[PDB]
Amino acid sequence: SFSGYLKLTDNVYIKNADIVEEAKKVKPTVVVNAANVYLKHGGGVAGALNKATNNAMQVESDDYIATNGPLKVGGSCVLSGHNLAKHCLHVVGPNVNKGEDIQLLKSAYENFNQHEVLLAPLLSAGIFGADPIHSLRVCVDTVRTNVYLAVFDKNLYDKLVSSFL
């Protein structure tokens, strides 16, 4: 199962790790993708997860969008985890760089509560533009299921742990 995580709360764990490498090592039931409404996995966590699937995630995602239309900001969908996990929970956090309401970050994290355990990134962090310290706070105050957070950047990981209330 999950190794080398620091326990933040009863249900939130954190580790300085590449979520792709973590997913290949663990092969969790659920890996969370930092998705956009179109499921266009171009960069950040989404681009990295998709590249690890040899673009199979993008092919599956385009078929999902052709059938269902775009997701809502704050929403999610469950698709295959391909070679990374049993399932991928594609969750759309608000992208601050697109002027999206940061209040939707709590709605985005609520999607995690439908899964008993997840490997996840911090929603709306990185190229989505939100403050990762705020994202971790919303995560611990919203998610009740077991969430294993992978933070790619060591410097951000240290700042997140050292500032955690």
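Numbers for residues come from their place in the sequence shown, where the first is 1.
Review point. With respect to the recorded C-alpha B factors, which stretch has the higher mean value, 140 to 148 or 153 to 161?
Key: The deposited B-factors put 153 to 161 ahead on the C-alpha mean.
Practice item. Name the higher of the two by mean Cα B-factor in the PDB entry, 94 to 102 versus 124 to 132. Key: Between 124 to 132 and 94 to 102, it is 94 to 102 that shows the higher mean C-alpha B-factor.
Check your understanding: Of the three thirds of its chain by CA temperature factor, lowest, middle or highest, which one includes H115?
Key -> Middle third.
Point to revise | Modelled-residue ranking by C-alpha temperature factor, third containing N54 | key: Middle third.
Point to revise | Relative C-alpha B-factor of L39, binned into the chain's lowest, middle or highest third | key: According to the entry, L39 has a C-alpha B-factor in the chain's lowest third.
Exercise for review: Would you mind ranking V26 by its C-alpha B-factor against the rest of the chain and naming the third, lowest, middle or highest?
Suggested key: It belongs to the highest third of the chain when residues are ordered by C-alpha B-factor.
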